[PDB]
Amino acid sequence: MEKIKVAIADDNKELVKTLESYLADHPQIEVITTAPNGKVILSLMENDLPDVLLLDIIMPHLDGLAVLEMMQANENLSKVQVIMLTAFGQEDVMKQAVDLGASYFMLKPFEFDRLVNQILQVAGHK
């Protein structure tokens, strides 16, 4: 049973806690790191790349679109499927996510299993 490697970057620690637990329990998903802001995920993104990055747009110090733009310029996005997560679903923002190479965009709140199903779409095979 092959595991899709997932990383999470979000500044709501209770969501990161819950979501890491839920995704790990899935047979085809392995959560390999979590970060609470944009700087920390970039530190981690050096050296260690997931198949899927769950990425909150609104974050202290360094936000989701900044991370996405840095990762697109470092050729990370060829491997990494980035799924933007946010309650700020403004139409120009999405457009930026698209230009900066996001695979997907999801609104908070979301059903966990519906997010699982999108992880399997962007990174699952057979």
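Residue positions are given as counts along the sequence shown, with the first one as 1.
Averaged over CA atoms, B-factors in the entry run higher in 83-91 than in the other of 55-63 and 83-91.
According to the PDB record, 17-25 carries the higher mean C-alpha B-factor of the two stretches 17-25 and 104-112. Within the listed group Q72, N37, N47, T34, the record reports its top CA B-factor for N47. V6: CA B factor in the lowest third of modelled residues in this chain (values from the PDB entry).
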